[PDB]
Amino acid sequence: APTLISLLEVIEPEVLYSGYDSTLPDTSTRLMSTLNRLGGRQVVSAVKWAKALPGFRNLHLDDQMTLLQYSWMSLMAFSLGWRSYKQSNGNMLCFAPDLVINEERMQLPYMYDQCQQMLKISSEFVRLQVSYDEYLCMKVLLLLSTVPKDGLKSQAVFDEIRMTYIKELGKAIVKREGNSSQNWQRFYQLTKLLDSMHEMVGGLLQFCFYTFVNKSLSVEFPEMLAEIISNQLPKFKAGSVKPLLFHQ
């Protein structure tokens, strides 16, 4: 009292609106710029969320910043996948209630390849019939799934918090009223979905960096994302970012 899962439910960020103006036809530039502004605001909410996670603030501040800096795209894409799963059963990308991207609007320059990759995340929720509590536990593990190759400043704390939420995901599984063999296979399928996020998010990040560095595209980024992207960029090309996999 209170259960950990009940706390994750109450700290989940509320969905934000985009204010997108659909009066006139869409353009790839106006759409990407609107999404980045929305993305910057969702990341601010994600920081508020992470600070309320039990155990997170026991980490060194530099580690709190590293984890959020390394995993923000995977958090946003995983939440987009969930919203799209509940709204359209994975048929459309529900970036926001006032900005839904169906198969038509994806037929824009720079949009199609990345939007298809994000539809694939939503379709995994459909195939596996993920529950809300399973989703909340998996989303915490994403925050704890990408670390520096040289380790964190408080590795001991990090290792224990990560196991705390691995166990919590198990509790969410057991709630489905399955036997031991079923619960282990369920856990296997969900830890495989988490591992696949690293590759599916890789292409999203590679393209985010592309639109950020090439100013010719006229794509606008909020200061929140600009600061994170520019600081995150030299670490990736240097190969100092290692994902944490359940399966090798």
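All residue numbers refer to positions in the sequence shown, first residue = 1.
Taking the mean C-alpha B-factor of each stretch as recorded, 119 to 127 and 174 to 182 are not equal, and the higher mean is that of 174 to 182. When the mean C-alpha temperature factors of 87 to 95 and 72 to 80 are read from the deposited coordinates, 87 to 95 comes out higher. Within the selection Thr34, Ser45, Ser216, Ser196, the deposited Cα B-factor values reach their highest point at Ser216. Placement of the Cα temperature factor of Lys167 within the chain: middle third of the modelled residues, per the deposited record. In the deposited entry, the Cα temperature factor of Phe221 places it in the lowest third of its chain's modelled residues. Looking at the C-alpha B-factors along this chain, the one for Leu152 belongs to the highest third.
The PDB entry assigns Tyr110 a C-alpha temperature factor belonging to the highest third of its chain's modelled residues. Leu7 sits in the middle third of its chain by CA B factor, as recorded in the PDB entry.
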